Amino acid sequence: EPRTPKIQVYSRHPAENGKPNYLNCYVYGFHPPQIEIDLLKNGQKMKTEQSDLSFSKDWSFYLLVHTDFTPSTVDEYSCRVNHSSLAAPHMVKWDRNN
């Protein structure tokens, strides 16, 4: 009966190392509306901003969790989502090609 969230991990602008940008993790299509979403830098949590809860025509919810960041060739970024429709937390690493 629950619906599982779809996840997209991406940057606002095309990424070049050094030149700063914003990291996004868009979580949508899920139900019921309680979740935890996190952006992770090499597994460590980041201080982040979460959008306000809204929903689509099919009533499923969407949220955006975002933060400034600076890409390197040595750092790794992922988004950790947990929902009641998931048996356990899911991580989606950030590949600069989503």
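Residue positions are given as counts along the sequence shown, with the first one as 1.
S.K.: Using the B-factors recorded in the PDB entry, average over the C-alpha atoms of 78-86 and of 19-27, then report which stretch comes out higher.
M.R.: Averaging CA B-factors over each stretch, the winner is 19-27.
S.K.: Mean Cα B factor from the PDB record: higher for 67-75, or higher for 31-39?
M.R.: Taking the mean C-alpha B-factor of 67-75 and of 31-39, the larger value falls to 67-75.
S.K.: How does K93 rank on Cα B-factor within its chain, lowest, middle or highest third?
M.R.: Highest third, going by the recorded CA B-factors of the chain.
S.K.: Please place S56 in the lowest, middle or highest third of its chain according to the CA B-factor in the PDB entry.
M.R.: For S56, whose C-alpha B-factor we compare with every modelled residue in the chain, the answer is the lowest third.
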